[PDB]
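Residue strings, one per chain:
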2 protein chains.
Amino acid sequence: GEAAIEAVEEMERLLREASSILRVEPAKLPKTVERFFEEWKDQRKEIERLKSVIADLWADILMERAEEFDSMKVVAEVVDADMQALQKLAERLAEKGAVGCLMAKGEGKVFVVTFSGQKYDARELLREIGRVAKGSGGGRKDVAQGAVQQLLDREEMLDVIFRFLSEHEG
Amino acid sequence: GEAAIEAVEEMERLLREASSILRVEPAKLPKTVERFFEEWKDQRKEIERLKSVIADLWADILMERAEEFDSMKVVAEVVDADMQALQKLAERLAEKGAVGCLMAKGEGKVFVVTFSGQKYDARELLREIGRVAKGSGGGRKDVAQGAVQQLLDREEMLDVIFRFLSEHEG
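- Method of determination, as given in the entry header: X-ray crystallography; reported resolution: 3.20 Å.

See below:
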């Protein structure tokens, strides 16, 4: 039973350890730990909130240079984004009833995305430009992910997508 | 020392509570109090970063709506922002060489932020718009914070900002 004291040291150890890495009286520890755990959870959601807004504004900015084709706003721009981003943008542009494609340079390859807020099909538009840039990908009707090897101009793009519009659907 | 035989019990509880809130065995507490604490600071950084990005984009989209007075851009708008935000925008907007004022509704008052990436002094201007919306603030030559009771329309703001520009132009 002489190990009943060596354990008491254990407890006092652990307490002061944690209690110290937060710079607080070992007696005001629980209170601050609770607080910190809260902030930690808040910050977690807050960051996720901010990430949203950024893609929001970002999409908005992308609409600012849109082209028109049958009252439809076509968006085609090269962007400094990772795929996850391009996807967060594709959706957003789509919900605004726009149609087009976004590309972004990746290491070794080019990330591509296509969105549709109209009857046209994302996947359909994607292949179409995929043939041009030499690559493939798939997705849904309103959004489509893809990877390619050649980076195209906003012109080359618009050109590609314009055909797809004037032809594949009317 | 009996008043100490319970003081030890105390720490057993203290330790057990902290452990309890971060859902971990007291043995493995400091390890966890550490990870979180780290992840805590990281988050705070990340958040402050995401903010300066929302700013970068936001401002970029405010100019898209600027009027011009003798080839200079003037931004005047009502935005959903807090004084920290405003100040973030004002600086960006001035760094891009623009004149103008931003106003946002708050708890019981209206926040004002004028700026000038030109010869004009942000303060002079604030003083002027403040005189009309009933309020005051201060700042440096290029940016200025202030509070006002009535929230101006864009017409109203532009109205003021231009009159001011015209006086220092004749």
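Past the structure itself, the notes keep going.
**A short note on the relation of the copies chain A and chain B**
Here two copies of a chain appear, and what relates them is a rotation about an axis with a shift along it.
At step 1: Mapping chain A onto chain B is achieved by rotating through 179 degrees and translating by 1.3 Å along the same axis, at an RMSD of 2.2 Å. What the superposition gives is, in effect, a two-fold axis relating one chain to the other.
At step 2: When the interface residues of chain A are mapped onto chain B, 94% of them again fall at the interface, so both copies present the same face.

**Some words on helix 1 (residues 6–20) of chain A**
Residue and element names in this part refer to chain A.
At step 1: Taking 1.5 Å as the rise per residue, helix 1 with 15 residues should run 21 Å; its terminal C-alpha atoms sit 21 Å apart, in good agreement.
At step 2: By the burial criterion, the buried members of helix 1 are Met11, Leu14, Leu15, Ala18 and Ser19. Viewed end-on, helix 1 has its buried residues packed into an arc of 120 degrees, placing them on one side of the element.

**Brief notes about the pairing of strand 2 (residues 73–78) of chain A**
Residue and element names in this part refer to chain A.
At step 1: Across two bridges, strand 1 (residues 67–68) lies against strand 2 in antiparallel orientation. Bridge pairing in strand 2 links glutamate 67 to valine 74.
At step 2: Between strand 1 and the antiparallel strand that follows it, strand 2, lie four residues; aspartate 70 among them carries a positive phi value of about 75 degrees.
At step 3: Here strand 2 runs beside strand 3 (residues 98–105); their pairing, made up of six bridges, is parallel. Residue pairing in the sheet places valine 75 in a bridge with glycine 100 of strand 3.
At step 4: As a crossover connection, the stretch from strand 2 through helix 3 (residues 83–95) into strand 3 is right-handed.

**Focus: the interface of chain A and chain B**
At step 1: Taken together, the contacts link 33 residues of chain A with 33 residues of chain B.
At step 2: Inspection of the chain A/chain B interface yields one salt bridge.
At step 3: Measuring nitrogen to oxygen at the nearest pair gives 2.9 Å for the salt bridge that ties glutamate 64 of chain B to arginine 65 of chain A.
At step 4: Inspection of the region where chain A meets chain B yields four residue pairs in polar contact.
At step 5: Elements represented by at least two residues in the side of chain A that touches chain B include exactly helix 1 and helix 2 (29–63) of chain A.
At step 6: Counting residues per element, the side of chain A that touches chain B draws most heavily on helix 2 of chain A, at 20 residues.
At step 7: For the side of chain A that touches chain B, a count of residues per class yields 22 nonpolar, one polar and ten charged.

Reading the values: rules and limits
Residues numbered from 1 in each chain as written, not as in the entry; some residues may be left out. Chains lettered and ligands numbered in written order. Heavy atoms only, no water. Least-squares fit on C-alpha atoms. Contact = heavy atoms within 4.5 Å. Helix = DSSP H or I, 4+ residues; strand = E, 2+ residues; numbered from the N terminus. Expected span 1.5 Å × (residues − 1). Buried < 20%, exposed > 50% of the residue type's maximum accessible area, 1.4 Å probe, protein only. Arc of directions from axis to C-beta. Pairing = 2+ DSSP bridges. Right-handed = clockwise from strand over helix to strand, strands pointing away. Salt bridge = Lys/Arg side-chain N within 4 Å of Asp/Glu carboxyl O. Polar contact = N/O pair within 3.5 Å; in protein donor to acceptor, adjacent residues only side chain to side chain. Nonpolar A, V, L, I, M, F, W, Y, C, P; charged D, E, K, R; others polar.

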